[PDB]
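Coming up is one lone chain in structure tokens, specifically the form deposited in one PDB entry.
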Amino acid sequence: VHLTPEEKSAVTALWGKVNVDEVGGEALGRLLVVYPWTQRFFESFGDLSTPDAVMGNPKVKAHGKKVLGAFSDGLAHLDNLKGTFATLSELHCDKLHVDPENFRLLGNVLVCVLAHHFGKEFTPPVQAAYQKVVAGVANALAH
């Protein structure tokens, strides 16, 4: 990811305000509801029959925190996304058989949740910075 020092500062500043316990469950939860085929991969999590069931599912919330933390690791090692997400890439490809396009979907859902949380503070220049980060992570997982 090619980010200018100003973009890194803006991205890091807002990420420090992120409710890490909540934002991850909302992003993953919304992935499963907005793109319902993704529920197939998380059938071990149990009841995913309704929106209220998904968002209230403690295993969706628990796993969402893992995904956010994965993104937090990505904010470090921005010049080496391929190497850091290599172990996760192999998991999602070889064991889970997740299609690359879905990584972009979750990335875009996280951005919608960030806008939902921060509102007017999630300005267009800030979003543009996060789009590069989520695109970088998606590509890294697809590598």
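Numbers follow the displayed sequence, beginning with 1. Heads up, when I say rigid core I mean the largest set of C-alphas that superpose within 1.5 Å between the two forms.
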Greater Cα displacement in 5 other deposited structures of this protein once the core is superposed, comparing 94 to 102 with 26 to 34: 94 to 102
Do you reckon 4 to 12 or 134 to 142 strays further from the shown form in 5 other deposited structures of this protein, measuring C-alpha RMS after a core fit? 4 to 12
Higher average CA B factor in the deposited record is what I'm after, so tell me if that's 119 to 127 or 6 to 14. 6 to 14
According to the deposited model, is the average Cα temperature factor higher in 91 to 99 or in 110 to 118? 91 to 99
When you compare the CA B-factors of 78, 31, 60, 68 as listed in the entry, which one comes out on top? 78
By the entry's values, the third containing the CA B factor of residue 1 is the highest
Which third of the chain does residue 51 land in by C-alpha B-factor: lowest, middle or highest? middle
Would you mind ranking residue 84 by its C-alpha B-factor against the rest of the chain and naming the third, lowest, middle or highest? middle
Ordered by C-alpha B-factor within the chain, which third holds residue 20? Give me lowest, middle or highest, please. highest
